[PDB]
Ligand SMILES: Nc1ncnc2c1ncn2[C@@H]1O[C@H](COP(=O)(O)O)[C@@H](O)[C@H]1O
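Quick heads-up: it's one chain on its own, the form deposited without the named molecule, in C-alpha cells.
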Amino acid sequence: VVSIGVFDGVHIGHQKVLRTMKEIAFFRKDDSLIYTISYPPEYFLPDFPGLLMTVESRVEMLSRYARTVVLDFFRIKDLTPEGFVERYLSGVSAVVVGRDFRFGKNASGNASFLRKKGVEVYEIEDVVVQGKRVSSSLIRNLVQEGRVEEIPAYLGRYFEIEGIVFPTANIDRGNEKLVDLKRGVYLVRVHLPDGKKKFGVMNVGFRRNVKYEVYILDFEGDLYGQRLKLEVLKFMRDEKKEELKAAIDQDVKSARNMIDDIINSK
C-alpha cells in the first residue's frame, strides 16, 4: 500500500494519513511505502512562505513510519496521470492520500482516475484542531506570525530551526526555501551534538535573508561546523533598533525567568 503526499512538517494530520496506511497495509497483508513529493507546487511561486523543514529532515521523520521514497517534483510535474501511474504505481493496489489529492500535468489526475485504473484509494479526512484544519500552510503562518506556542497543537511538537554552526551561533539552515520566524527574539531549547540539551536566546533578523543567531545558556564550547537543532518555545519580543547589551541582557533575564518557571511547575 502506498501513501502519497508532500508531508512537509509531518504534522498531526499527516501522521493521521501514515497511521491509516500502516493499518490498511496490515489488513491487506501488503507492504507499506511512503511517496513524498519533494516540493508542493506553490513552492515555486513568489509568495510561498517556505517549507517547515528540509526534505532531508522530513524523510528522516517519514522514515520512522515506513520505507520512504522521494518523488522529485521536477521529474513528475510533466507526467500524464497515466504516465504517473505506470511509472510509480505499477503493481500497487492501494494508495492512501489526503482529500483533494492531485497529480500529473495540470493536476489532471485524481482519486477518481486512480480508481478507474483499479487502484483503490483511501482518502483520509483532515484532522481539525480548535475549529481549524491542520495543515502545513496553517503551521507555516504561525511561524511567520511568531505564534510559536500555538504550533504543537497542529504540528504535534514545537517548530524547529536546524542547521550547521554574546558570542552567539549562526545557524545556517541550508539552500532550501524554509519558512522564517517573525523577526525578533525567542526562547529556544537547543539540542547539542552529544545528547546535551540546553536553553538559548535566539534572534531572527535581516541581512531579504533572515538570520538565526543563538546564545546558548550554561554553555561555552566551540560549536562551529557542528549541527544544531532548536525547539522554538516562545516569542519573547519583537525585533528592535549602543544600549544593545542592555536589551540583549534583559532577554537573558527573561529567559532565566521563564526557564525557572517551567522548572517550578514540578
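Note that residue numbering follows the sequence shown and begins at 1.
The same protein also has a form solved in complex with the named molecule, omitted here; what follows describes it.
Within 2.4 Å of backbone or C-beta atoms of the shown chain, at least 3 atoms of the named molecule land once it is superimposed from its position in the deposited bound form; the pocket counts as blocked. Although the named molecule is omitted here, in the deposited bound form none of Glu150, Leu155 and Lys234 has a heavy atom within 4.5 Å of it.
Heavy atoms within 4.5 Å of the named molecule in the deposited bound form are found in one stretch of 141 to 149, 172 to 180, 96 to 104, 79 to 87, which is 96 to 104. Of the candidates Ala111, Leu71, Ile124, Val92, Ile124 is the one whose heavy atoms come within 4.5 Å of the named molecule in the deposited bound form; the others do not. Taking the partner from the other structure, the named molecule in the deposited bound form has no heavy atom within 4.5 Å of any heavy atom of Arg189. Among heavy atoms of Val1, none comes within 4.5 Å of the named molecule in the deposited bound form. Within this chain, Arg133 lines the site of the named molecule in the deposited bound form, having a heavy atom no more than 4.5 Å away. Contact check for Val17: a non-hydrogen atom falls within 4.5 Å of the named molecule in the deposited bound form.
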